[PDB]
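Before any comments, here is the structure.
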Amino acid sequence: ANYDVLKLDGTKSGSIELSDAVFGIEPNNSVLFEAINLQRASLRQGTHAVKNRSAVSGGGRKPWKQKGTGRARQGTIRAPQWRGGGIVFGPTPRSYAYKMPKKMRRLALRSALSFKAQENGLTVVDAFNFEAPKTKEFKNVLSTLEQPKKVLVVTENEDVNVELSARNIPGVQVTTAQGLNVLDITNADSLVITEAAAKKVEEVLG
Amino acid sequence: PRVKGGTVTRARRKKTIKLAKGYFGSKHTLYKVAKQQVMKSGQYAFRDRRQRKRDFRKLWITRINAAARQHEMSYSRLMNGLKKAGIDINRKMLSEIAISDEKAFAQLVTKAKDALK
Amino acid sequence: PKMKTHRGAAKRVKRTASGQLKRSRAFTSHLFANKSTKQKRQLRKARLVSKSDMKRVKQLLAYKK
Amino acid sequence: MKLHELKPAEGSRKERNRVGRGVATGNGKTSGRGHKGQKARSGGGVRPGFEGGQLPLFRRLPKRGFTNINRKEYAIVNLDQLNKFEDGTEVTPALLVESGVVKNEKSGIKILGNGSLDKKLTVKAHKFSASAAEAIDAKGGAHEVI
RNA sequence: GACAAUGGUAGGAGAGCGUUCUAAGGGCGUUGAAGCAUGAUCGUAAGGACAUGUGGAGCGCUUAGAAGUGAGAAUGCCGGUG
RNA sequence: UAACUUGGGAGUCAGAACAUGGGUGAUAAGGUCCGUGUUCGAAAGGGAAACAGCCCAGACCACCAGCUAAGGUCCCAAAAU
RNA sequence: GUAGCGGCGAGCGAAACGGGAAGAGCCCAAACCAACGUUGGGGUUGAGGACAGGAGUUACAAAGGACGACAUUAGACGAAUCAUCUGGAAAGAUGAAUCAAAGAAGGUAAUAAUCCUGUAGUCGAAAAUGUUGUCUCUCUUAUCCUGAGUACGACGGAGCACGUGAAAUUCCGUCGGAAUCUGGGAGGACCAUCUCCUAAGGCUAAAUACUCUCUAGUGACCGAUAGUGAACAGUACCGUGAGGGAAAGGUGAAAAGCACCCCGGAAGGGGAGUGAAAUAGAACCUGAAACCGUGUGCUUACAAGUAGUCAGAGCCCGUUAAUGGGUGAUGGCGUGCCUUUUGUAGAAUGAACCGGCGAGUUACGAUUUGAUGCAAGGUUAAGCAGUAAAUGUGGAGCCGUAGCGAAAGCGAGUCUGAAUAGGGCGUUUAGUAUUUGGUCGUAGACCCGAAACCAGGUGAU
Ligand SMILES: [K+]
Ligand SMILES: [Mg+2]
Ligand SMILES: [Mg+2]
Ligand SMILES: [Mg+2]
Ligand SMILES: [Mg+2]
Ligand SMILES: [Mg+2]
Ligand SMILES: [Mg+2]
Ligand SMILES: [Mg+2]
Ligand SMILES: [Mg+2]
Ligand SMILES: [Mg+2]
Ligand SMILES: [Mg+2]
Ligand SMILES: [Mg+2]
Ligand SMILES: [Mg+2]
Ligand SMILES: [Mg+2]
Ligand SMILES: [Mg+2]
Ligand SMILES: [Mg+2]
Ligand SMILES: [Mg+2]
Ligand SMILES: [Mg+2]
Ligand SMILES: [Mg+2]
Ligand SMILES: [Mg+2]
Ligand SMILES: [Mg+2]
Ligand SMILES: [Mg+2]
Ligand SMILES: [Mg+2]
Ligand SMILES: [Mg+2]
Ligand SMILES: [Mg+2]
Ligand SMILES: [Mg+2]
Ligand SMILES: [Mg+2]
Ligand SMILES: [Mg+2]
Ligand SMILES: [Mg+2]
Ligand SMILES: [Mg+2]
Ligand SMILES: [Mg+2]
Ligand SMILES: [Mg+2]
Ligand SMILES: [Mg+2]
Ligand SMILES: [Mg+2]
Ligand SMILES: [Mg+2]
Ligand SMILES: [Mg+2]
Ligand SMILES: [Mg+2]
Ligand SMILES: [Mg+2]
Ligand SMILES: [Mg+2]
Ligand SMILES: [Mg+2]
Ligand SMILES: [Mg+2]
Ligand SMILES: [Mg+2]
Ligand SMILES: [Mg+2]
Ligand SMILES: [Mg+2]
Ligand SMILES: [Mg+2]
Ligand SMILES: [Mg+2]
Ligand SMILES: [Mg+2]
Ligand SMILES: [Mg+2]
Ligand SMILES: [Mg+2]
Ligand SMILES: [Mg+2]
Ligand SMILES: [Mg+2]
Ligand SMILES: [Mg+2]
Ligand SMILES: [Mg+2]
Ligand SMILES: [Mg+2]
Ligand SMILES: [Mg+2]
Ligand SMILES: [Mg+2]
Ligand SMILES: [Mg+2]
Ligand SMILES: [Mg+2]
Ligand SMILES: [Mg+2]
Ligand SMILES: [Mg+2]
Ligand SMILES: [Mg+2]
Ligand SMILES: [Mg+2]
Ligand SMILES: [Mg+2]
């Protein structure tokens, strides 16, 4: 319910009220697992192919007559048991993406955010004050907030200077409130979200 | 992705070949005949673990027969007497006593004869 | 691709509420002089597709609800 | 839940059966197909409903009936579904659609008589069953045909 | 603790072993990885370690995901050698 | 100590001997076709010299313990010259 | 996978409505004027026509110039590390630093954000090529007619989802052959009314299809029997020809690629050197198995055999130290494996041996089970936005909440029936979406194998 709001220097600048319907639910692990699996599968390109016996070059003619030579009967030099022959089955190009009900997606996002809330992985900041990109300044800011290595930074809209300053730091990822996804939240050890971004997330996810 | 054949085939076959150590010629060398002979060896050993108990009971009985005929008695009558006397010494022990301690065996024969008369 | 309904079957059965198939009766086309009065009267009454036949033909009518 | 500690729900996942991979699985060699005949062949087996040459069931049975091109099918609302509206409400197809009572309107709305109506209402529908009209008017309400 | 059951082809059901790849976590490696070779090692099986030699730069483990995932027979295909 | 019902998944549609009730054949066939039972099939172990189908008997694993079944006890070869 | 078509078999299989992407409308012929039938003017439709600045080379007419823009085809700059240890070599380990709009990647004597080439970011074109904006430059301000060998019809065919059928609608051959706004055509035979449209002339961007290519990239794609046939080739080789069609990758960090001596004609070796390593010496990383040899610890020349197994002395050793290892006089027991069979030691099939490769897969539908979300409701599809993502939006559509009947219909009932009868199917709640597993269907559908059939070519050396 009541979460402390911090200044980038690390001082308590105030307090915020975040709804228990977004950050205070019991995480649903089955739905969250399904969401993570869905997102990882949607990332697959699926470009993988082999040549079956029809696609391998040549192989039109019968290699030798059916009977009389003493050899095994053969139909084409590109049959699967032949060296250099066609592949039986094997990979064929396809998509791995699938879908789940919208309510399950929302429940998964809420579960990830709530898990961050329980494990003390939620840090609310007053506002990011970055006029010019400087990776060193953002690094020091994360130092002053006592943040772990894996941190997800959430701003209300696309903040270009924050994204530029935090881009090159390994373990640090930046997203907007609209762009929150389960993989990104789950990977992070802690969440650093502004007051406005927290309010927007609470509004959109109810 | 593609799974190459890899090393598992060689490892499995080499296990069988090592199990065929000491076999004659190709039977300790070539995987196919070695596998057949190791299967045969397992089946034989299973059968022979059961046959061994029969064989050793037979050996003990033969020895007990010899020892009892040394006292003017047959095996069958001696065992009948020992059973009627309430003596529960089994055949391995009786044969070992006959080999090791002739006098104790003679006393056992005396008890068996007494229980019959 | 979609499975295709057996159109000949679809012209001969209807699905009931419980999922069974109501069917018409054979021997009702002609040669009525050779069947007795009661035979024809009772052959006017519809039957169901038997369970043994359902086991064989269910996929042919999967779309006919 | 961490990415290094993922767990599917119990009973939600199951390993697929791979036939023709050795005797111990129980589906090696013949791969569950038994021995020989048509059903043992790749691409083998008769078409569904084939009875081996005995006249099939859907040929020994006659065709029946026809399909009406102008068949009218109505969306149906029973009395028990009208109980969600407050007393004095004016029920209309727009209101029934907006309230989730009717998803697809079809050829029109018809009120049927299942359930009990315990609320006075004014109902405008294309069709009414006799018991629906009687129970709507009996409870003090009115109905109109639109 | 105390009773029962546990031969098995077609076939049905269950549980596991191992292979390659991916994600996350945590590790190993020129003070020597994978591979190979030897050994009197461990596990109920598939199989898993350790030690030593060879080798000379990559590779395990945990959890989950995906498969070109396991060969002794096809007068199978190719190569090598009897 | 099963039985039935409803669903998911099958395989099977070449059978064999023995005993017994019968057809057929010649009160022939290790013949052939039906009824009944067993075994083999899909069953190892002991007996029948050897010997799927006969007799005893159904192997979870280990034991250099014991009692028995059919069948046996002069030697081969366990147990009565 | 509906309506329909269909030896009403196997199968074939729409369209309109609705939701979206894209969006654009126009020019003639004719009447009628001017001129000497041919040119101009004029006109273009659902009732119109005759008569009475704004648009443009993407259709709507068509050729050009000026200046600017952008982009493409070369490039340029581009932050930040030192030390010790082990090593042949440091990027590894250890200690202490730094940069970051740059922690993509590759190289460098092992594994590098700070060594190199780069990356983020910024800059750049003499010339040519495009796309483009402005200026310019162009052009403009119901009396008569309305597509005739036409529509249409018969016969024969074809195309329409539709096999000639109740067959409309479209086209072809042959033969016939209209009407003229009171006109003509369609609304699934046909007729009448009604409704919608206006054939027998032409033009038109976009949304859509494909990839030999080019540029920049990507992959729970291959990694030398794989992946292209081809990492070094449509070559070698085969064939008269059309045509068929391989095998073959790896020294080392650096050639430092072995001076010199010795045997030998040489080949090949043994030394000596180089190198971290030469059992890395070019037939060059690793170097399995079959197979071929040399040495010997135990054993074997009176013995009858699927070669082992169980028992067991003797001899020889000594381990992942375990009631150890090797061999084995002698005794018991014992007719390989696979396939196919009632039944195989079978004298039925298959395998010389070793190695590699070699067979239920995927897509879209159906059904069922398990899982999960929501629940009288559940759920979107295309599309749009987004990073080829998750996701957001999108409610058209789909299933369910009600069935019965051939249908009209009626409705917790309904059908049959004259029935207030009896009987059939129903009512007296639970569905739906995604997904693991099983199975089915359409696809080559577990893999290999015909004899053949058809089409287009090549051959009378
Ligand atoms: K033969
Ligand atoms: Mg071909
Ligand atoms: Mg690979
Ligand atoms: Mg292999
Ligand atoms: Mg009739
Ligand atoms: Mg089985
Ligand atoms: Mg096999
Ligand atoms: Mg079968
Ligand atoms: Mg077979
Ligand atoms: Mg058969
Ligand atoms: Mg086939
Ligand atoms: Mg069993
Ligand atoms: Mg048993
Ligand atoms: Mg199974
Ligand atoms: Mg399993
Ligand atoms: Mg496994
Ligand atoms: Mg590997
Ligand atoms: Mg394979
Ligand atoms: Mg072979
Ligand atoms: Mg040879
Ligand atoms: Mg007889
Ligand atoms: Mg017979
Ligand atoms: Mg009989
Ligand atoms: Mg039985
Ligand atoms: Mg037996
Ligand atoms: Mg026996
Ligand atoms: Mg016997
Ligand atoms: Mg005899
Ligand atoms: Mg015997
Ligand atoms: Mg006999
Ligand atoms: Mg006794
Ligand atoms: Mg004897
Ligand atoms: Mg004796
Ligand atoms: Mg530079
Ligand atoms: Mg630099
Ligand atoms: Mg250094
Ligand atoms: Mg016209
Ligand atoms: Mg036609
Ligand atoms: Mg037509
Ligand atoms: Mg028609
Ligand atoms: Mg017409
Ligand atoms: Mg290789
Ligand atoms: Mg190749
Ligand atoms: Mg290939
Ligand atoms: Mg040299
Ligand atoms: Mg030399
Ligand atoms: Mg030399
Ligand atoms: Mg040298
Ligand atoms: Mg070496
Ligand atoms: Mg080598
Ligand atoms: Mg002699
Ligand atoms: Mg001798
Ligand atoms: Mg001999
Ligand atoms: Mg023997
Ligand atoms: Mg059989
Ligand atoms: Mg036979
Ligand atoms: Mg044999
Ligand atoms: Mg022979
Ligand atoms: Mg054969
Ligand atoms: Mg052969
Ligand atoms: Mg082979
Ligand atoms: Mg299949
Ligand atoms: Mg079936």
Side-chain angles (χ1 to χ4, degrees), chain A residues 46-94, chain B residues 1-17 19-48, chain C residues 1 56 59, chain D residues 15-54:
Chain A
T47 50
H48 41 48
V50 296
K51 291 173 168 48
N52 70 339
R53 55 181 286 177
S54 95
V56 182
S57 136
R61 64 173 62 170
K62 192 167 164 77
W64 52 77
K65 59 173 164 175
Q66 173 91 348
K67 313 178 64 70
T69 74
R71 306 269 324 243
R73 61 220 186 174
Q74 306 286 354
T76 162
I77 66 163
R78 305 305 196 199
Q81 79 269 34
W82 286 66
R83 167 185 185 277
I87 311 310
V88 173
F89 304 140
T92 175
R94 51 183 179 121
Chain B
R2 175 163 188 261
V3 184
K4 270 179 106 273
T7 66
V8 301
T9 307
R10 179 169 40 228
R12 182 177 50 69
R13 285 184 193 149
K14 277 188 46 76
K15 276 172 151 75
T16 287
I17 290 170
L19 281 164
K21 163 192 202 174
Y23 295 178
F24 174 82
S26 299
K27 285 174 189 258
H28 75 252
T29 300
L30 316 177
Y31 168 70
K32 279 157 202 176
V33 297
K35 172 191 167 171
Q36 299 182 198
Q37 197 57 62
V38 168
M39 293 156 43
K40 259 286 193 179
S41 289
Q43 185 62 63
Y44 280 153
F46 175 92
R47 168 206 78 173
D48 288 351
Chain C
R56 203 199 298 99
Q59 286 276 89
Chain D
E15 180 160 39
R16 76 195 283 175
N17 188 244
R18 296 176 292 128
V19 303
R21 292 300 184 282
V23 312
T25 69
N27 283 349
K29 196 194 158 164
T30 59
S31 308
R33 282 190 186 255
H35 283 284
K36 293 191 175 185
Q38 200 173 0
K39 290 149 84 39
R41 313 302 175 179
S42 152
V46 299
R47 72 162 167 283
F50 194 65
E51 298 191 36
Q54 167 172 284

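The figures that follow rest on heavy atoms only: side chains count, while hydrogens, waters and symmetry mates do not. Sequence lines set the chain letters: A, B, ... in the order given, protein chains first and strands last, and positions in each chain run from 1.
Here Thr7(B) contributes atom OG1 and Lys14(B) contributes atom NZ; the two are 12.0 Å apart, rounded to the nearest 0.5 Å. With values rounded to the nearest 0.5 angstrom, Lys40(B) atom NZ is found 8.0 Å from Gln37(B) atom CD. Note that CZ of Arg78(A) and OG of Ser57(A) are 5.5 Å apart. Values are rounded to the nearest 0.5 Å. Expressed to the nearest 0.5 Å, how far CZ of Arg71(A) lies from NZ of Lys65(A) amounts to 13.5 Å.
Annotation: side chain to side chain contact (heavy atoms under 4.5 Å, CB included) contacts of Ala55(A) (sequence neighbours excluded): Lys51(A), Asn52(A).
Looking at every heavy atom in both residues, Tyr31(B) comes nearest to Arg12(B) through OH-NH1, 2.9 Å. Residue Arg56(C) comes nearest to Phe50(D) through the heavy atom pair CD-O, 4.2 Å, listed as atom of the first residue, atom of the second, then distance. Residues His28(B) and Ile17(B) approach most closely at O-CG2, 3.9 Å, considering heavy atoms. Pairing each heavy atom of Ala72(A) with each of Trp64(A), the nearest pair is O-NE1, 3.0 Å.
Each of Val56(A), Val88(A), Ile87(A) was checked for a side-chain contact (heavy atoms from CB on, under 4.5 Å) with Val50(A), and the lone residue meeting it is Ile87(A).
Side-chain atoms of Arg33(D) and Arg41(D), non-hydrogen and from C-beta on, never get closer than 4.5 Å to each other.
Side chain of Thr16(B) to backbone of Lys35(B): no donor-acceptor contact under 3.5 angstrom is found. Judged by distance alone, the side chain of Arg53(A) and the main-chain N or O of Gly85(A) form no donor-acceptor pair under 3.5 Å. Put simply, the side chain of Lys62(A) never gets that close to the backbone of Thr76(A): no donor and acceptor are under 3.5 Å apart.
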query: Checking side chain to side chain contact (heavy atoms under 4.5 Å, CB included) for the pair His48(A)/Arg94(A): CA distance, chi angles, key distance, verdict?
result: CA-CA 8 Å; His48(A) 41 48; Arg94(A) 51 183 179 121; 4.3 Å; yes
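For the side chain to side chain donor-acceptor pair (under 3.5 Å) condition, the pairs that include at least one residue of residues 17-30 of chain D, sequence neighbours left out, are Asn17(D)-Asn27(D).
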